[PDB]
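The numbers here are math on the coordinates, done by the rules we state, and not lab data. Reconstructed Cβ throughout: ideal geometry from the backbone, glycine too, with neighbour counts over all protein chains shown.
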Amino acid sequence: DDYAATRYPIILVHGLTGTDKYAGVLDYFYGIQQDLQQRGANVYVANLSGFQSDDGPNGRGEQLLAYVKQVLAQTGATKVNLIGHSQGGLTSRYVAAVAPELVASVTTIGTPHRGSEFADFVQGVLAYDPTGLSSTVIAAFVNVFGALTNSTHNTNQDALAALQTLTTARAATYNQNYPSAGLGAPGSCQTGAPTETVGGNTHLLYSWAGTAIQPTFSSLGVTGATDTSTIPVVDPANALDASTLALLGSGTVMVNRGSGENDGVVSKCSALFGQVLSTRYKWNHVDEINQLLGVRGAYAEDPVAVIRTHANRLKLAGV
Ligand SMILES: [Ca+2]
């Protein structure tokens, strides 16, 4: 049908580690492009560096800008709708700021607009490196993974730059460099406006967040956490998707670093942008993109349906 048939093409924009198709065979947005296309959407999936900053000449922002231009040339469209997961939301903001005339809307899903306490932790660990050797080797493992799994074997991979980009201090600088009316004041844990107009160009702004990881008890400087996406103990997702227990673990570190409710790597507060559609989804960070391979806890919403409904929302809004 035409339920998801927006006026302007949709570009899905992956985050950290990503590519359009891992090893050319596994979609980052698992099941989603196919679903949208069945419902009449014109959908493209960007293929960017899995590991990079968003700004800078070699960063993901300029990569996405180039891809946007290709999509416009291919389709004859004047603008695109950007839907970004995680760091892809930051990349989408970059393009909306530097080429506002090419963008109709920016939607961010689990995007660390204010950075990640987990990134701060990892960076803090590497700060103890006396020489840079350990850091260089760690980065090399990650960079190799990026080049190996990128669908076109993109070798523009910089794990240390990516890490820095997702820290809270760097994200604050990014927001000063690339402001948006969609952002609330730093420190407020509030969202901004549902639209922006930039250089004569209006953008509709949206976001949602996953908050599977919830703080529980608090005693003597220790905070507990629970994964509300899963049946306690014996949810199939604990067995069949390694990311489930992993993101509970990272999410527990996060709550102990003052994050509050989170998806395993991004806090609710960090994810707030534009019109906040919901922050209540019982999703960890990769459930938001229907990963791994469609495996989700029993209490998780269906992200395929959520994104489909959003495509319809965009259509109704005139983009
Ligand atoms: Ca999952």
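Is there a residue in region 292-309 that is assigned to a helix (DSSP H, G or I) and either of a type in the set (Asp, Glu) or surrounded by fewer than 17 Cβ atoms within 10 Å (Cβ to Cβ) (or both)? It would help to see each step written out before you state the result.
Pass one, region 292-309, residues assigned to a helix (DSSP H, G or I): 303-309.
Pick out the ones that are also either of a type in the set (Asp, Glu) or surrounded by fewer than 17 Cβ atoms within 10 Å (Cβ to Cβ) (or both) and you get 305, 309.
Yes, region 292-309 contains a residue that is assigned to a helix (DSSP H, G or I) and either of a type in the set (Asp, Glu) or surrounded by fewer than 17 Cβ atoms within 10 Å (Cβ to Cβ) (or both).
If you scan region 171-203, which residues turn out to be among the polar types (S, T, N, Q) and either more than 21 Å from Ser105 (Cβ to Cβ) or loosely packed, with under 13 Cβ neighbours inside 10 Å (or both)?
Of everything in region 171-203, those that are among the polar types (S, T, N, Q) and either more than 21 Å from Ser105 (Cβ to Cβ) or loosely packed, with under 13 Cβ neighbours inside 10 Å (or both) turn out to be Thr173, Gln176, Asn177, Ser188, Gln190, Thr197.
Please give the number of the condition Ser259 fails out of (1) within 16 Å of the ligand (Cβ to nearest atom); (2) farther than 30 Å from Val98 by Cα.
Of the numbered conditions (1) within 16 Å of the ligand (Cβ to nearest atom); (2) farther than 30 Å from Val98 by Cα, the odd one out for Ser259 is (1).
May I ask you to say which residue of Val198, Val233 is among the β-branched types (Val, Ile, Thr) and within 23 Å of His285 (Cα to Cα)?
Exactly one residue qualifies, and that residue is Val233.
Which ones in region 262-311 are within 16 Å of the ligand (Cβ to nearest atom), over 17 Å from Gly115 (Cα atoms) and polar (S, T, N, Q)?
Residues satisfying the conditions are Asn290, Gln291.
Which pairs turn up if I take residues in region 263-291 that are closer than 17 Å to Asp120 by Cβ and look for partners that are acidic (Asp, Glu) and within 16 Å of the ligand (Cβ to nearest atom) with beta carbon separation below 6 Å, at least 6 apart in sequence or on another chain?
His285/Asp263
Filter region 241-256 down to the residues that are outside any loop (DSSP other than H, G, I, E, B), within 16 Å of the ligand (Cβ to nearest atom) and either of a type outside the set (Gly, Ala, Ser) or closer than 26 Å to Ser92 by Cα (or both) and list them by number.
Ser243, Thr244, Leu245, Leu247, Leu248, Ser250, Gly251 - these are the residues of region 241-256 that are outside any loop (DSSP other than H, G, I, E, B), within 16 Å of the ligand (Cβ to nearest atom) and either of a type outside the set (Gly, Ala, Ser) or closer than 26 Å to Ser92 by Cα (or both).
Enumerate the pairs (first residue in region 120-135 and closer than 21 Å to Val265 by Cβ and touching a residue at least 40 places away in the same chain (Cβ under 8 Å); second residue anywhere and β-branched (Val, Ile, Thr) and in a loop (DSSP other than H, G, I, E, B)) with beta-carbon separation below 7 Å, excluding pairs fewer than 6 apart on the same chain, so at least 6 apart or on different chains.
What qualifies is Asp120/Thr167; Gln123/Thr167.
Which residue out of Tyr94, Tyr67, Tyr44 is touching a residue at least 12 places away in the same chain (Cβ under 8 Å), part of a helix (DSSP H, G or I) and more than 20 Å from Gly274 (Cβ to Cβ)?
Numbers: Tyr94 fails: more than 20 Å from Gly274 (Cβ to Cβ); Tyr44 fails: part of a helix (DSSP H, G or I).
Going through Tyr94, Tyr67, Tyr44 in turn, the sole match is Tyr67.
What are the pairs, 6+ residues apart or on separate chains, where a residue within region 224-240 that is touching a residue at least 24 places away in the same chain (Cβ under 8 Å) and within 16 Å of the ligand (Cβ to nearest atom) has its Cβ under 8 Å from a residue that is assigned to a loop (DSSP other than H, G, I, E, B) and charged (D, E, K, R)?
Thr228/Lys282; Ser229/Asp235; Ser229/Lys282; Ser229/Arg296; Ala237/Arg296
I'd like the full set of residues that are surrounded by fewer than 20 Cβ atoms within 10 Å (Cβ to Cβ), assigned to a helix (DSSP H, G or I) and not hydrophobic (A, V, I, L, M, F, W, C), limited to region 70-91.
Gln70, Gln74, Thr75
Name every residue in region 277-291 that is in a helix (DSSP H, G or I) and not β-branched (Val, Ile, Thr), in order of residue number.
Residues satisfying the conditions are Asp287, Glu288.
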